[PDB]
Amino acid sequence: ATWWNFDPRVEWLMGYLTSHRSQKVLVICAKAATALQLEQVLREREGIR
Amino acid sequence: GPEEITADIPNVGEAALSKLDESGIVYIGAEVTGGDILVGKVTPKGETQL
Amino acid sequence: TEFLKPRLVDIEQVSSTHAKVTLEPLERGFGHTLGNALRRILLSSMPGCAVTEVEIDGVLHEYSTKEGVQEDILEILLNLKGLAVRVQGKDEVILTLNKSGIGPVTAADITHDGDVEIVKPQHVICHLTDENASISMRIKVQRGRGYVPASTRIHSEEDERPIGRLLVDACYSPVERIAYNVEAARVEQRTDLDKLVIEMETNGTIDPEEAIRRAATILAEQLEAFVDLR
Amino acid sequence: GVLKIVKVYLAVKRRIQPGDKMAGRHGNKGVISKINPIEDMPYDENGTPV
C-alpha cells in the first residue's frame, strides 16, 4: 500500500539529500522491504543514486 | 545449453546496472547515449571440473 | 565647435506592445550613427524570462498521449514555449497549474505567487474534452539573455534528473521588431538639427524607457575600454 | 532454435546546421552555408528582416 506518499519523514529526507550533493550519507532503517521501497522512491522521484 | 536474459551480468560495475529493472530490460523513458546497456544476456560455456 | 546633446523627449504608447520613442536634437550625421548602433544592441542583449523545464504527472517521455486531452504532449510543450511572465525578486520560480472539467485550459489559472506578473491571461494551453479528465503541471521559470538551446544545457550539466523532467528550449530576449527613422526638427534659428524616432514592438516584460537606458549603458561601457587605454 | 527475442526502439530529434541540403520545387538545389544572426539580415524599410 502506497505508504510513501504522505509521510513527513520521506519528504524531509529528500529535502535534506538534495541540498547537500557533496556529502556521503549512511541511512539505516528497520528491515529489508522498507529499504527496497525507500530506494525505489528516491530513484524514481529525485534521481539520487 | 540455453541463453538467458538477466540482470546479473559478470564483470560489470554497479554503475551501468542502475538503468535495468529486475527482468533486465531498460525502463521506458530513460534516455541513452552511445555505449550503454539495453538488455542483459549471458551465454553459458564449458564446465570444467574441480 | 557647436556640439549639442540629445534628451529623451516623448513616449507615446500606441498599444500595450507597440511604442514610439522620440529623441532630439542631433547634429548632422548623428541620426544614423546612434540609430544603427542601438538598433544592433537592442535586438541581441536584453534580459528577459522564459520557461525552461516542465513536469507533468503520469507522463514519462514527450512522445506519448494522454486520456481526454486534445493535444499530444509535443504540442503542449510548443504552446508553453511562448508565455510571457515578469518576475520581480528572484531569478527562478516554480509555478503550478491544476484544472479539471470540460473546456479550454488557458494561462489565466496558473496559481499565482505573490510576485509573478502574467501579461496575457487569455493564452490557450490545452483542451479538455471529457468530464473526468484532469491535468496538473509544474513549470520552472528562469532569467537570462540570448538564445540557449537544450542540447548545450544537457551536455554542460553533470547533475542527474529523474525520468519525467522534460527540457524545453529557451528564448529569453523580449524585443521582437524594431525600426528607426530620422526626421528634420525645428529649433529657433538652427535649421541644421535633426530628430530620431524609434518604433519598438515587443511583448510585455520591458517598459521602453528602461530598454533604451540599458542599451546606452552597455554602449558607453564598451567604449570606456577604448578611450583611456591608448 | 530461438527462445525469445526482445526489441527496443529509440527516437532522436535532428535540426538544421551548415552542410545540410535544401531545394525548391523547380530544381534549384543548395547546401546551407552559414547561420547568420538576426541583425545582419537585410531589413526592408519597415523593420522586418528576410
# chains A, B, ... in the order shown; residues from 1 in each chain; ligands from 1
>>> residues_around(residues="residue 44 (chain A)", least_positions_apart="4", cutoff="7 Å", atoms="only C-alpha atoms", output="PyMOL selection string")
(chain A and resi 40) or (chain C and resi 162-163)
>>> interface_residues(of="chain B", to="chain A", cutoff="12 Å", atoms="only C-alpha atoms", output="number ranges by chain")
B: 14-19, 21, 27, 29-30
>>> write_last_selection(atoms="N, CA, C and O atoms", output="JSON list (two decimals), in the first residue's frame")
[["chain", "number", "residue", "atom", "x", "y", "z"],
["B", 14, "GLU", "N", 28.70, -1.57, -10.84],
["B", 14, "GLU", "CA", 27.32, -1.30, -10.47],
["B", 14, "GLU", "C", 26.74, -0.10, -11.20],
["B", 14, "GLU", "O", 25.52, 0.04, -11.26],
["B", 15, "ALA", "N", 27.58, 0.76, -11.77],
["B", 15, "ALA", "CA", 27.07, 1.99, -12.38],
["B", 15, "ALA", "C", 26.13, 1.70, -13.53],
["B", 15, "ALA", "O", 25.02, 2.24, -13.59],
["B", 16, "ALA", "N", 26.54, 0.84, -14.46],
["B", 16, "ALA", "CA", 25.76, 0.62, -15.67],
["B", 16, "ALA", "C", 24.46, -0.12, -15.41],
["B", 16, "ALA", "O", 23.63, -0.20, -16.31],
["B", 17, "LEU", "N", 24.27, -0.69, -14.22],
["B", 17, "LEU", "CA", 23.11, -1.51, -13.92],
["B", 17, "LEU", "C", 22.05, -0.77, -13.12],
["B", 17, "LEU", "O", 21.14, -1.41, -12.59],
["B", 18, "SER", "N", 22.16, 0.55, -12.98],
["B", 18, "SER", "CA", 21.04, 1.30, -12.42],
["B", 18, "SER", "C", 19.85, 1.28, -13.37],
["B", 18, "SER", "O", 18.70, 1.18, -12.93],
["B", 19, "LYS", "N", 20.10, 1.35, -14.68],
["B", 19, "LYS", "CA", 19.05, 1.54, -15.67],
["B", 19, "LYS", "C", 18.45, 0.24, -16.16],
["B", 19, "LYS", "O", 17.98, 0.19, -17.30],
["B", 21, "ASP", "N", 15.63, -2.91, -14.91],
["B", 21, "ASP", "CA", 14.71, -3.38, -13.88],
["B", 21, "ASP", "C", 15.10, -4.80, -13.49],
["B", 21, "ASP", "O", 16.20, -5.27, -13.80],
["B", 27, "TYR", "N", 14.19, 0.67, -18.72],
["B", 27, "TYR", "CA", 12.96, 1.36, -18.38],
["B", 27, "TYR", "C", 12.38, 2.01, -19.63],
["B", 27, "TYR", "O", 13.02, 2.04, -20.68],
["B", 29, "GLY", "N", 11.42, 5.55, -21.06],
["B", 29, "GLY", "CA", 11.68, 6.94, -20.82],
["B", 29, "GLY", "C", 13.12, 7.26, -20.51],
["B", 29, "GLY", "O", 13.53, 8.41, -20.68],
["B", 30, "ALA", "N", 13.91, 6.29, -20.08],
["B", 30, "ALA", "CA", 15.32, 6.54, -19.83],
["B", 30, "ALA", "C", 16.02, 6.87, -21.13],
["B", 30, "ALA", "O", 15.84, 6.17, -22.13]]
>>> interface_residues(of="chain D", to="chain C", cutoff="7 Å", atoms="only C-alpha atoms", output="PyMOL selection string")
chain D and resi 39+46-48
>>> write_last_selection(atoms="N, CA, C and O atoms", output="short mmCIF file (atom, residue, chain, number, x, y, z; two decimals), in the first residue's frame")
data_model
loop_
_atom_site.label_atom_id
_atom_site.label_comp_id
_atom_site.auth_asym_id
_atom_site.auth_seq_id
_atom_site.Cartn_x
_atom_site.Cartn_y
_atom_site.Cartn_z
N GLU D 39 20.54 40.38 -36.66
CA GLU D 39 20.84 41.76 -37.03
C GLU D 39 21.28 41.86 -38.47
O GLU D 39 20.88 42.79 -39.19
N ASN D 46 10.75 48.86 -43.19
CA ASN D 46 9.75 48.84 -42.15
C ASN D 46 10.16 48.04 -40.92
O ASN D 46 9.42 48.06 -39.93
N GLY D 47 11.28 47.34 -40.95
CA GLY D 47 11.81 46.63 -39.81
C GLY D 47 11.93 45.14 -39.98
O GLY D 47 12.79 44.53 -39.34
N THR D 48 11.12 44.52 -40.82
CA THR D 48 11.07 43.07 -40.89
C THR D 48 12.23 42.53 -41.72
O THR D 48 12.33 42.86 -42.90
#
>>> residues_around(residues="residue 25 (chain A)", least_positions_apart="3", cutoff="12 Å", atoms="only C-alpha atoms", output="PDB file with N, CA, C and O atoms, in the first residue's frame")
ATOM      1  N   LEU A  13      13.696  13.645   4.268  1.00  0.00           N
ATOM      2  CA  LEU A  13      14.915  13.011   3.785  1.00  0.00           C
ATOM      3  C   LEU A  13      15.276  13.507   2.396  1.00  0.00           C
ATOM      4  O   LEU A  13      16.441  13.821   2.130  1.00  0.00           O
ATOM      5  N   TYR A  16      16.621  17.093   2.641  1.00  0.00           N
ATOM      6  CA  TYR A  16      17.984  17.134   3.152  1.00  0.00           C
ATOM      7  C   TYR A  16      18.978  16.648   2.110  1.00  0.00           C
ATOM      8  O   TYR A  16      20.028  17.265   1.912  1.00  0.00           O
ATOM      9  N   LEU A  17      18.665  15.549   1.428  1.00  0.00           N
ATOM     10  CA  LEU A  17      19.627  14.972   0.497  1.00  0.00           C
ATOM     11  C   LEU A  17      19.899  15.895  -0.674  1.00  0.00           C
ATOM     12  O   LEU A  17      21.044  16.023  -1.113  1.00  0.00           O
ATOM     13  N   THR A  18      18.865  16.546  -1.201  1.00  0.00           N
ATOM     14  CA  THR A  18      19.056  17.216  -2.480  1.00  0.00           C
ATOM     15  C   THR A  18      19.740  18.573  -2.369  1.00  0.00           C
ATOM     16  O   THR A  18      20.061  19.163  -3.404  1.00  0.00           O
ATOM     17  N   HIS A  20      22.627  18.967  -0.449  1.00  0.00           N
ATOM     18  CA  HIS A  20      23.984  18.713   0.027  1.00  0.00           C
ATOM     19  C   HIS A  20      24.679  17.685  -0.857  1.00  0.00           C
ATOM     20  O   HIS A  20      25.214  16.684  -0.385  1.00  0.00           O
ATOM     21  N   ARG A  21      24.674  17.922  -2.167  1.00  0.00           N
ATOM     22  CA  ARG A  21      25.091  16.918  -3.141  1.00  0.00           C
ATOM     23  C   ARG A  21      26.537  16.462  -2.992  1.00  0.00           C
ATOM     24  O   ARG A  21      27.002  15.633  -3.780  1.00  0.00           O
ATOM     25  N   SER A  22      27.271  16.987  -2.017  1.00  0.00           N
ATOM     26  CA  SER A  22      28.670  16.616  -1.839  1.00  0.00           C
ATOM     27  C   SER A  22      28.918  15.914  -0.506  1.00  0.00           C
ATOM     28  O   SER A  22      30.035  15.929   0.008  1.00  0.00           O
ATOM     29  N   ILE A  28      20.196   4.257   7.867  1.00  0.00           N
ATOM     30  CA  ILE A  28      19.923   2.909   8.351  1.00  0.00           C
ATOM     31  C   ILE A  28      18.450   2.798   8.700  1.00  0.00           C
ATOM     32  O   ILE A  28      17.872   3.711   9.294  1.00  0.00           O
ATOM     33  N   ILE A  48      18.376  10.221  -7.077  1.00  0.00           N
ATOM     34  CA  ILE A  48      19.520  10.121  -6.181  1.00  0.00           C
ATOM     35  C   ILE A  48      20.024   8.687  -6.226  1.00  0.00           C
ATOM     36  O   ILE A  48      19.374   7.778  -5.710  1.00  0.00           O
ATOM     37  N   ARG A  49      21.188   8.479  -6.828  1.00  0.00           N
ATOM     38  CA  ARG A  49      21.734   7.135  -6.921  1.00  0.00           C
ATOM     39  C   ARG A  49      21.981   6.570  -5.532  1.00  0.00           C
ATOM     40  O   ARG A  49      22.877   7.035  -4.828  1.00  0.00           O
TER      41      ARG A  49
END
>>> atom_distance(atom1="CA of residue 139 (chain C)", atom2="CA of residue 53 (chain C)")
6.0 Å
>>> select_by_dssp(residues="region 121-185 of chain C", states="helix (DSSP H, G or I)", output="ChimeraX atom specification")
/C:150-156
>>> write_last_selection(atoms="N, CA and C atoms", output="compact mmCIF listing (two decimals), in the first residue's frame")
# COMPACT_ATOMS: atom_id res chain seq x y z
N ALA C 150 18.52 23.32 -25.91
CA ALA C 150 18.52 22.30 -24.87
C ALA C 150 19.74 21.39 -24.94
N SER C 151 20.30 21.19 -26.14
CA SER C 151 21.45 20.32 -26.28
C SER C 151 22.66 20.86 -25.53
N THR C 152 22.91 22.16 -25.63
CA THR C 152 24.02 22.76 -24.91
C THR C 152 23.85 22.57 -23.41
N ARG C 153 22.65 22.81 -22.89
CA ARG C 153 22.43 22.69 -21.46
C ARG C 153 22.57 21.25 -20.99
N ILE C 154 22.05 20.29 -21.77
CA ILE C 154 22.16 18.90 -21.35
C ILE C 154 23.61 18.43 -21.37
N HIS C 155 24.41 18.91 -22.32
CA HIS C 155 25.80 18.45 -22.37
C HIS C 155 26.68 19.16 -21.35
N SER C 156 26.32 20.39 -20.95
CA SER C 156 27.13 21.10 -19.96
C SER C 156 26.94 20.51 -18.57
>>> closest_atom_pairs(of="chain B", to="chain D", cutoff="9 Å", atoms="only C-alpha atoms", output="JSON lines")
{"residue": "B:2", "atom": "CA", "partner": "D:3", "partner_atom": "CA", "distance": 8.4}
{"residue": "B:3", "atom": "CA", "partner": "D:3", "partner_atom": "CA", "distance": 8.5}
{"residue": "B:25", "atom": "CA", "partner": "D:6", "partner_atom": "CA", "distance": 8.7}
{"residue": "B:26", "atom": "CA", "partner": "D:8", "partner_atom": "CA", "distance": 8.7}
{"residue": "B:31", "atom": "CA", "partner": "D:10", "partner_atom": "CA", "distance": 8.8}
{"residue": "B:32", "atom": "CA", "partner": "D:10", "partner_atom": "CA", "distance": 8.8}
{"residue": "B:38", "atom": "CA", "partner": "D:8", "partner_atom": "CA", "distance": 7.9}
{"residue": "B:39", "atom": "CA", "partner": "D:6", "partner_atom": "CA", "distance": 8.2}
>>> write_last_selection(atoms="N, CA, C and O atoms", output="CSV table (one decimal), in the first residue's frame")
chain,number,residue,atom,x,y,z
B,2,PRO,N,21.0,-23.4,-23.1
B,2,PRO,CA,20.2,-22.2,-23.5
B,2,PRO,C,20.9,-20.9,-22.9
B,2,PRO,O,21.5,-20.8,-21.9
B,3,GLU,N,20.6,-19.8,-23.7
B,3,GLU,CA,21.0,-18.5,-23.2
B,3,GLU,C,20.1,-18.1,-22.1
B,3,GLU,O,19.2,-18.8,-21.7
B,25,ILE,N,15.7,-5.4,-18.6
B,25,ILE,CA,15.4,-4.7,-19.8
B,25,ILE,C,15.2,-3.2,-19.4
B,25,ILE,O,14.6,-2.9,-18.3
B,26,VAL,N,15.6,-2.3,-20.3
B,26,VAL,CA,15.6,-0.9,-19.9
B,26,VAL,C,14.2,-0.4,-19.5
B,26,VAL,O,13.2,-1.0,-19.9
B,31,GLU,N,16.8,7.9,-21.1
B,31,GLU,CA,17.5,8.4,-22.3
B,31,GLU,C,18.9,7.9,-22.4
B,31,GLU,O,19.7,8.2,-21.4
B,32,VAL,N,19.3,7.3,-23.5
B,32,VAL,CA,20.6,6.6,-23.6
B,32,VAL,C,21.5,7.3,-24.5
B,32,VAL,O,21.0,8.0,-25.4
B,38,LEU,N,21.3,-2.2,-23.0
B,38,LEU,CA,19.9,-2.3,-23.3
B,38,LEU,C,19.3,-3.5,-22.8
B,38,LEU,O,18.1,-3.5,-22.3
B,39,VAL,N,19.9,-4.7,-22.9
B,39,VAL,CA,19.4,-6.0,-22.5
B,39,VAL,C,20.5,-6.9,-22.0
B,39,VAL,O,21.5,-7.0,-22.7
>>> residues_around(residues="residue 17 (chain D)", least_positions_apart="3", cutoff="9 Å", atoms="only C-alpha atoms", output="count of residues only")
5
>>> interface_residues(of="chain C", to="chain B", cutoff="8 Å", atoms="only C-alpha atoms", output="list in words")
residues 60, 61, 163 and 164 of chain C
>>> write_last_selection(atoms="N, CA and C atoms", output="PDB file, in the first residue's frame")
ATOM      1  N   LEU C  60       5.881  10.052 -18.986  1.00  0.00           N
ATOM      2  CA  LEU C  60       7.278   9.666 -18.883  1.00  0.00           C
ATOM      3  C   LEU C  60       8.161  10.330 -19.933  1.00  0.00           C
ATOM      4  N   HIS C  61       7.759  10.321 -21.197  1.00  0.00           N
ATOM      5  CA  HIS C  61       8.531  10.974 -22.241  1.00  0.00           C
ATOM      6  C   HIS C  61       7.607  11.861 -23.052  1.00  0.00           C
ATOM      7  N   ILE C 163      13.309  10.407 -14.396  1.00  0.00           N
ATOM      8  CA  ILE C 163      12.583  10.093 -15.619  1.00  0.00           C
ATOM      9  C   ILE C 163      11.271  10.857 -15.538  1.00  0.00           C
ATOM     10  N   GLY C 164      11.189  11.979 -16.235  1.00  0.00           N
ATOM     11  CA  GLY C 164       9.991  12.777 -16.123  1.00  0.00           C
ATOM     12  C   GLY C 164      10.211  14.270 -16.161  1.00  0.00           C
TER      13      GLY C 164
END
>>> select_by_dssp(residues="region 57-201 of chain C", states="strand (DSSP E)", output="VMD selection string")
chain C and resid 85 to 87 92 to 100 103 to 106 116 to 118 124 to 128 134 to 145 147 to 148 166 to 167 170 to 171 175 to 184 194 to 201
>>> atom_distance(atom1="CA of residue 108 (chain C)", atom2="CA of residue 78 (chain C)")
17.8 Å
>>> atom_distance(atom1="CA of residue 97 (chain C)", atom2="CA of residue 170 (chain C)")
19.8 Å
>>> interface_residues(of="chain A", to="chain C", cutoff="7 Å", atoms="only C-alpha atoms", output="JSON, numbers by chain")
{"A": [44, 45, 46, 47]}
>>> write_last_selection(atoms="C-alpha atoms", output="mmCIF file, in the first residue's frame")
data_model
loop_
_atom_site.group_PDB
_atom_site.id
_atom_site.type_symbol
_atom_site.label_atom_id
_atom_site.label_comp_id
_atom_site.auth_asym_id
_atom_site.auth_seq_id
_atom_site.Cartn_x
_atom_site.Cartn_y
_atom_site.Cartn_z
ATOM 1 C CA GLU A 44 12.143 7.495 -9.363
ATOM 2 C CA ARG A 45 11.287 10.769 -7.617
ATOM 3 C CA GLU A 46 14.593 12.620 -7.340
ATOM 4 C CA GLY A 47 17.242 10.600 -9.190
#
>>> closest_residue(among="C:188, C:224, C:72, C:207", to="residue 174 (chain C)", atoms="only C-alpha atoms")
C:207
